[PDB]
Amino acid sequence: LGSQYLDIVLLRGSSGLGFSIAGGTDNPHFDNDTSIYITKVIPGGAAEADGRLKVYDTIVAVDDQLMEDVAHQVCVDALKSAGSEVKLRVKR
């Protein structure tokens, strides 16, 4: 009771994870804001089938790596190299 953070273990699908992102220190999605945001929960994808992730969730951590004040590539690299299960910490 009283936590803005969610831990979501997304199971990789045949077609990948099925969501898009934007943000980072080198790619701010908002003014003075370097957070990584989920921009699309793609139909047919695993994030949709799971049903827990929502658009404009802030990606706080991918597995064991925090995504706060990082370059956009840092989070892309962590998502592309994910295993069969990826642990996403999200803030709302």
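For every residue, the number given is its place in the sequence shown, counted from 1.
Chemist: Should the higher mean CA B-factor in the entry be assigned to 22-30 or to 59-67?
Modeler: Taking the mean B-factor of the alpha carbons in each, 22-30 is higher.
Chemist: Once the chain's modelled residues are ordered by C-alpha B factor and cut into thirds, is residue 75 in the lowest, middle or highest one?
Modeler: Middle third, going by the recorded CA B-factors of the chain.
Chemist: Could you say whether, by C-alpha temperature factor, residue 16 belongs to the lowest, middle or highest third of its chain?
Modeler: It falls in the bottom third of the chain.
Chemist: Could you place residue 6 in the lowest, middle or highest third of its chain by Cα temperature factor, using the values in the record?
Modeler: As the PDB entry reports it, the C-alpha B-factor of residue 6 lands in the middle third of its chain.
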